[PDB]
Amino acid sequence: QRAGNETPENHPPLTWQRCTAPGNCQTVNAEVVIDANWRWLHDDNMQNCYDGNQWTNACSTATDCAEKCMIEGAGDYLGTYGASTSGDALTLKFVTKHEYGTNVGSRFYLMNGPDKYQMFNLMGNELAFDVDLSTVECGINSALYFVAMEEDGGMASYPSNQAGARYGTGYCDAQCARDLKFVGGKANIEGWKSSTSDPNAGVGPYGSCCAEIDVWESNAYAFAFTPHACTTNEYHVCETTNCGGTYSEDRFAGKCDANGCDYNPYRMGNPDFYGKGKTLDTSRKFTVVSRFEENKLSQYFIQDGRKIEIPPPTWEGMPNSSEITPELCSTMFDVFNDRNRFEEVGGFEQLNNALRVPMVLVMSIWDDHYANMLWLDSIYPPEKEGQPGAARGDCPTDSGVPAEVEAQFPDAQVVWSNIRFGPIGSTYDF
């Protein structure tokens, strides 16, 4: 896609840091960008190439779209998008009501100058941030995570994109992102499958794939660590029926494991841990750190000065520990018993490869027109209930429906902040 000339692009700045040792940290003045799927696309008459959830006749074919349209700057990030930045802290307003429209959920990427994403080396490293998610309700997923995006957002590998990271191009993830309007610096028109639910989205014949590490998927009633590798962990374009994931006919036909190996406490045995005023009281801010080693991914919290670890699972046949290890990942499948995709694409070993894949940092809020976030915070899938791991959370199986959460708590928002990273032992003194 060409880069627009109607609305400048002004990233909202952002501090974060690296810590070489437990009392040694120091700032990185950065800035964030919004994923390009939120942008206005238009030819040289300002006639859309997209509008509602569908393409216009400013376009036509795959290729020419990328030659005729340009995406634009987003104006003011509070205005249409509800994103608020002050110092280190990124804010994100679920639903935003503005003079010309209602936007819902966003995806922000962390950058490294306005042209290329900051890229993190995971293995032998931990990440730490602050999160205040006290107002995130059932049916809302406030996530933070890693995805092996390309630095320039794809502007070397796919030169049909004269926009790039600068305008948050190039997204991917182990769901193989078929909702994007461009993939591989190319259009997804020809087959754009509009949603019956959300008026502003679709699905083309092209998805964007890559490794996906869901450090933090969540609300104030349940969370989930979820690593995910692929048999190619680096960004890559899959072909319709050779795209797996959520937006597809076959969740499991593809190169990536859309489900990964998850550590959700509630799903694993302790329903009084996380939530409004629990062990991990969600009703203030707390610290999360997450560690990426060989065959060991580990998560712990700090809430009000105190170290909190995640309790081990109570499921007979799972290890006695709250870690992500070859041990975990195996045995939770004789437990939850169903499709071991994780293994299918080469087990943990493969996930260790993904860890040796520089990824982009992402923050994001949204709702779930497919599953209504059941899979995070309640009973999923509906279809038995009363079965090991069907319970993911305390929330009701009513909840999660877009239109209803969307005007039930518009001001839903997440407080991201104090993002630190470095060797293990180096971000927090614990």
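Counting begins at 1, following the sequence as shown.
*Asks:* Comparing average C-alpha B factors as deposited, tell me which of 38-46 and 51-59 sits higher.
*Replies:* Higher of the two, by average CA B-factor, is 51-59.
*Asks:* Which is higher in the entry, the mean Cα B factor of 91-99 or that of 326-334?
*Replies:* Mean B over CA atoms: larger for 326-334.
*Asks:* I'd like to know which of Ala165, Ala258, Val289, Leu355 has the highest C-alpha temperature factor in the PDB entry.
*Replies:* Highest CA B-factor of the listed options: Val289.
*Asks:* From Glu385, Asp64, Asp377, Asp398, which pick has the Cα B-factor that tops the rest in the entry?
*Replies:* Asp64 has the highest C-alpha B-factor of those listed.
*Asks:* With respect to C-alpha B-factor, does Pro410 fall in the lowest, middle or highest third of the chain as deposited?
*Replies:* Highest third.
*Asks:* Using the B-factors in the PDB entry, rank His369's C-alpha atom against the chain and give the third, lowest, middle or highest.
*Replies:* Middle third, going by the recorded CA B-factors of the chain.
*Asks:* Thinking about Cα B factors across the chain, which third does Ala403 belong to?
*Replies:* According to the entry, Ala403 has a C-alpha B-factor in the chain's middle third.
*Asks:* When the modelled residues of the chain are sorted by Cα temperature factor, does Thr20 land in the lowest, middle or highest third?
*Replies:* Tercile = lowest for this residue's CA B-factor.
*Asks:* Going by the recorded CA B-factors, say which third of the chain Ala74 sits in, lowest, middle or highest.
*Replies:* Lowest third.
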